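Close look at the chain arrangement
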Number of protein chains: 2
Amino acid sequence: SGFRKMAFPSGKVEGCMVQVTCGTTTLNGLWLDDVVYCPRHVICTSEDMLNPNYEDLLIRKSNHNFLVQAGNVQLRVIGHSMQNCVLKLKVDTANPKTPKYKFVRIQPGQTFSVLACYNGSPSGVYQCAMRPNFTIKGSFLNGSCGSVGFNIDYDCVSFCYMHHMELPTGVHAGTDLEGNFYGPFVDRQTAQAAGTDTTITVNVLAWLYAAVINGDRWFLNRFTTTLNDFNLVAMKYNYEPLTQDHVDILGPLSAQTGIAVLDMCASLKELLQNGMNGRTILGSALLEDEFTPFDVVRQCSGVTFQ
Amino acid sequence: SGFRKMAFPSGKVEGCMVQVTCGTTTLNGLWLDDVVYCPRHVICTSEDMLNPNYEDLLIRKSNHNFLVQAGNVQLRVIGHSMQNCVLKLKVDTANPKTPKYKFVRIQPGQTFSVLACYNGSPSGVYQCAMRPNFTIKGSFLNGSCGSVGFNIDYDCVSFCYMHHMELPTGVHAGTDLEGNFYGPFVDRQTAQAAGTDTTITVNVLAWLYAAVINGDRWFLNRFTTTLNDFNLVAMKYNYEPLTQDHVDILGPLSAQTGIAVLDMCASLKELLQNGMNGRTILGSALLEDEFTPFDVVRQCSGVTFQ
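Residues numbered from 1 in each chain as written, not as in the entry; some residues may be left out. Chains lettered and ligands numbered in written order. Heavy atoms only, no water.

As recorded in the PDB entry, chain A goes by the name 3C-like proteinase, listed as coming from Severe acute respiratory syndrome coronavirus 2.

Next comes the structure, spelled out in C-alpha cells:
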C-alpha cells in the first residue's frame, strides 16, 4: 500500500552522463554508443546566448574545441554535427554502459524521470510531467542543461527529454533527443512565452483511482455525469478536455475498482466546483496530475524493469 | 531554479538488489561483498508470520534452503546467520558492483531514498523521511520487503533502512542494516502501534528557506518571536520542538537568505495558527517536512556524487 511519485531507477542513465566543455562553457552530455548528445548552446558564451547564430558559431569551432569528460577519462571528439538544437559530438570510444535505448517524442501529459546532473555527474532523480504547454517544472541549477528525461520499458530506456533552458519565468524548456524543442521555444536568452498551462485531466482521474485503490474513498459521490457535461466544467477550471481515448485508457482502472470512468468524472467535477475543503487525497491538498494511468497501474501492480 | 523532492541516483544500489527465496517465500536482498542481507521473515510462511519463533524456524532451515538469484544467475549460500531481524546469507561470490558503503542508523526526521524492488528487480525510487514515530510512509506492495533506503555521501552509499513490514495501518516499518528495528516494532503479523506522528519542524523551516531562495516570499511576516514562544505554539500543532542545535543547523540558510532563524520561526508560527489559506508554497498547499536543511543546501547548491 501507499503512493509516492516514484522515479524510474536511474542506473542505466547514470552511466551515460558525461561532461561537455566547449569554450569555458560546460554542461552535461548523453553518451550513447559513439555519440555524445548535448545542447548546442554549449558553444555559446553568456553574450552569445542573447542572439546566437548557431551555424556561424559552430563553424568557428572544431572537434578539438570540445572536451567531453566522463569521470577521470576524456573522450576524443572526432566529429561534430548539429541536429536541430542538439549537438551530436561523435567521440572515439563507444560507451560500454550503453543500454538498449530508444528516442521518443512524448506527448503533453506524459510523465518521465529526470536525472539532474552537474559537470556530468548525477545529483538526483525526480519524476515530472510534460505540461500541456510543453514546459516542465523541474529543479535545474546553472550547468544542469543537458540533463535528460527518460522512461524505462522493462529493458529499454526511452530518452524523451534533454534540458536546455530555464525561461525567465523559472519554468524549464528542452528538446527531444533529435533536438526538436518541446513547445514553441528556441535556445536563445530572450523572453519566450509558454502557453496557458492546463491540468492534465486523465492523470487526475488516474490518481483518484490510485486514491481509491489505497483507501481514500471520501470523494466518491452520489452523482453521475456525461463526457460532454464534464468537459464543460473542466474547461472552466483549466482542465484539459476528456476524450473517449482517455476513457478507454482508464478502462483497466475502472475494472479493478468497479467504478466507471464517467462516475469518477462526476466525483472529479464535484471536487472542482466545491473544493477539497480542508481534506486531503493520498496525502495531498491539491489535485495531482503528474501520474498517468500507466503510472498508477505500474505502481499499483509492481512492474519491474530489467 | 525550482524545487523537487529529488531522490539520490539509484545506480549504485541497483547493482546490489537480489532476490531471496526460502520456502516459496521470495523477497529482496542486499548483496554487499559476500553477504546478502534480507528480512529474516523470508523464512516465514503466511501462517508463521502470526507468531514466529525465529530461532526455531531458522534451525529448521539450511544454507541449501536459500535461493538467492541476481538476474539470470544464482548465488550459492554457504552460510547463514541471524543478526537481530536481518538474515545475513553468506554467499559464494562477492558482488562485483559492491560500492563503497556504510551502515548508518539514522535519526527521526532524516531523509533517504528508497529503491522499491520486487523479485530483486528495481521498480522505482523515491525520497522520504523517517517520521518522528520511526515509521515511513512509502509505497510497498507484496514482495517489496528487503527494499533498502540509502543516502549518498559523494562516493559512499550509506544504507540506513531495510523494509520489513506494512503495519495494518498501511504505514511501513523496518530496520537499520544491523537489523535493529526503527521504533518499537517487531517482525510479526500482529497489531502494532506507532506513536503519534509529529511534523519535523527543522525540515519545515529548511523548506521555507528553499521557498525564499526560489522566489516564494509571501509568508515572510512583520513579526518575530523567541525559541520558547515558538516551541509553545509548535507543540500545539504536533510539531517537534526546536532546539539550539536546530538553529545552528539552519545557520547557512539564514546567511544565504539574510533571514534569521528566529524570524523564519515567526513566519512559521503565523502559518501554523492562521493557515496558508488558499495559497501555496513551492507548489504545495501543505507545509512540507521531508526536506532536511542539508537537502535544501544540496539541491540549492548542486552537490554532485561520484
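From this point on, the discussion continues.
Quick look at the packing of helix 3 (residues 201–213) of chain B against helix 7 (residues 261–274) of chain B now. All names here are of chain B. As a packed pair, helix 3 and helix 7 sit with axes 10 Å apart at the nearest point and diverge in direction by 100°. Classified by the angle between their axes, helix 3 and helix 7 sit roughly perpendicular to one another. Where helix 3 abuts helix 7, its residues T201, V204, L205, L208, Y209 and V212 lie against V261, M264, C265, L268 and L271. Partitioning the contact of helix 3 with helix 7 into residue classes produces ten nonpolar, one polar and no charged. (Axes fitted to C-alpha atoms, helices over the stretch in contact; angles between N-to-C directions. Helix = DSSP H or I, 4+ residues; strand = E, 2+ residues; numbered from the N terminus. Parallel < 35°, antiparallel > 145°, perpendicular 65-115°, else oblique. Contact = heavy atoms within 4.5 Å. Nonpolar A, V, L, I, M, F, W, Y, C, P; charged D, E, K, R; others polar.)

Looking now at helix 5 (residues 244–257) of chain A. All names here are of chain A. The end-to-end C-alpha separation of helix 5 is 19 Å, in line with the 20 Å expected for 14 residues at 1.5 Å each. Its maximal kink placed at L250, helix 5 deviates by approximately 45°, while the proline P252 follows within four residues. Within helix 5, burial applies to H246, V247, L250, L253 and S254. As for helix 5, its buried residues are in contact with helix 3 (201–213), helix 4 (227–236), helix 6 (261–274) and helix 7 (293–301). Regarding helix 5, its N-cap is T243, as a side-chain oxygen of that residue lies 3.4 Å from the backbone nitrogen of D245 further along. Following helix 5 by one or two positions, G258 has its phi on the positive side, about 75°. (Expected span 1.5 Å × (residues − 1). Bend = angle between axes of the 7 residues up to and from the residue. Buried < 20%, exposed > 50% of the residue type's maximum accessible area, 1.4 Å probe, protein only. Polar contact = N/O pair within 3.5 Å; in protein donor to acceptor, adjacent residues only side chain to side chain.)

Our focus in this paragraph is the side chain of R131 of chain B. Residue and element names in this part refer to chain B. Along the polypeptide, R131 turns up in the loop between strand 10 (121–129) and strand 11 (148–153). According to the relative accessible area criterion, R131 is buried, its value standing at 5%. Side chain to side chain, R131 and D197 meet in a polar contact 2.7 Å long. In this view, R131 contacts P108, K137, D197, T198, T199, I200, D289 and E290; residues no more than four positions away in its chain are not counted.

Turning our eyes to something else, we now look at the side chain of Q19 of chain A. Residue and element names in this part refer to chain A. Of note, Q19 is situated in strand 1 (residues 17–21). What makes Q19 buried here is its relative accessible area of 15%. What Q19 contacts, discounting residues up to four positions off in sequence, is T26, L27, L67, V68, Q69, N119 and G120.

Turning our eyes to something else, we now look at the sheet that holds strand 1 (residues 17–21) of chain B. Residues and elements named next belong to chain B. Strands sit in the order 5-4-1-2-3-7-6 across an open sheet of seven strands; the sheet is antiparallel. Each edge of the sheet is formed by a strand with only one pairing partner; in this case those strands are strand 5 (73–75) and strand 6 (77–83). Taken pair by pair, the neighbouring strands of this sheet meet at an average axis angle of 35°, ignoring direction. For strand 4 (residues 67–70) and strand 5, the ladder comprises three bridges, and the chain directions are antiparallel. Directly across from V68, in strand 5, lies its bridge partner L75. (Pairing = 2+ DSSP bridges.)

Residues and elements named next belong to chain B. Note on placement: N221 falls in the loop between helix 3 and helix 4 (227–236). The class for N221 is partly exposed, based on a relative accessible area of 22%. C-alpha separation for the pair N221 and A266, spaced 45 residues apart in sequence, amounts to 7.2 Å. Not counting the four nearest positions on each side in its chain, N221 is found in contact with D263, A266, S267 and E270. Reaching out from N221, the side chain makes a polar contact with the backbone oxygen of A266 at a distance of 3.3 Å. At a separation of 3.2 Å, a polar atom in the side chain of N221 contacts the side chain of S267.

So, about the pairing of strand 13 (residues 172–175) of chain A. Residues and elements named next belong to chain A. The two faces of strand 13 match: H172 and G174 on one face and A173 and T175 on the other face are all buried. Here strand 12 (residues 156–166) pairs with strand 13 via four bridges, running antiparallel. Across the sheet, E166 pairs through a bridge with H172, a residue of strand 13. Hairpin connection between strand 12 and strand 13: a loop of five residues separates the two successive antiparallel strands, and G170 in this loop has a positive phi of roughly 80°.

Attention now moves to the nonpolar core. Core analysis: the biggest nonpolar cluster contains 42 residues, and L30 and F159 of chain A together with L30 and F159 of chain B have the highest contact counts within it. Look past the residues within four positions of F159 of chain B in its chain and what remains in contact with it is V13, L30, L32, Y101, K102, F103, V104, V148, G149, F150 and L177 of chain B. (Core = buried A, V, L, I, M, F, W, Y, C linked by side-chain atoms within 4.5 Å.)

It is worth spelling out the interface of chain B and chain A at this point. At the junction of the two partners, chain B supplies 44 residues and chain A supplies 44 residues. Both faces considered, chain B and chain A share a buried interface measuring about 3100 Å² in area, 54% of it formed by carbon and sulfur atoms. Looking only at chain B, the three residues that lose the most surface to chain A are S1, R4 and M6 of chain B, adding up to 22% of its buried area. The tally of links between chain B and chain A comes to two salt bridges. In this structure, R4 of chain B engages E290 of chain A in a salt bridge whose closest nitrogen and oxygen atoms are separated by 3.0 Å. For the pair chain B and chain A, the interface holds 25 residue pairs in polar contact. Elements that contribute at least two residues to the side of chain B that touches chain A include exactly helix 1 (11–14), strand 9 (111–118), strand 10 and helix 8 (293–301) of chain B. Sorting elements by how many residues they give to the side of chain B that touches chain A places strand 10 of chain B first, with eight residues. Classifying every residue of the side of chain B that touches chain A gives 19 nonpolar, 18 polar and seven charged. (Buried area = accessible area lost by both parts, 1.4 Å probe. Salt bridge = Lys/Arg side-chain N within 4 Å of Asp/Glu carboxyl O.)

Two descriptors summarise a pair of aromatic rings, namely the distance from one centre to the other and the angle between the planes of the rings. One pass over the full model with this rule turns up 16 aromatic pairs over all chains. Seen from their ring centres, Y101 of chain B and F103 of chain B are 5.4 Å apart, and the 45° between their planes marks the pair as tilted. For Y101 of chain B, a relative accessible area of 26% translates into the label partly exposed. Residue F103 of chain B is classed as partly exposed on the basis of its relative accessible area of 29%. A network of ring pairs unites the aromatic residues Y37, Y101 and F103 of chain A as a single cluster. For the cation-ring pair, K236 of chain A lies above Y237 of chain A, with the distance from its terminal atom to the ring centre recorded as 5.1 Å. (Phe/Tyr/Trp six-rings, centres within 6.5 Å; stacked < 30°, edge-to-face > 60°. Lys NZ or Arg CZ within 6 Å of the ring centre and 35° of its normal.)

With that out of the way, let us pick up the packing of helix 4 of chain B against helix 7 of chain B. Residue and element names in this part refer to chain B. Put simply, helix 4 and helix 7 touch, their axes get as near as 10 Å, and they point 25° apart. If you check the angle between helix 4 and helix 7, you find them roughly parallel. Taken as a pair, helix 4 and helix 7 cross one another with a handedness that is left-handed. Side by side, helix 4 and helix 7 meet where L227, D229, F230 and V233 of the first sit next to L262, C265, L268, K269 and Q273 of the second. When grouped by side-chain class, the residues that make up the contact of helix 4 with helix 7 number six nonpolar, one polar and two charged. (Left-handed = near helix turned anticlockwise from the far one by under 90°.)

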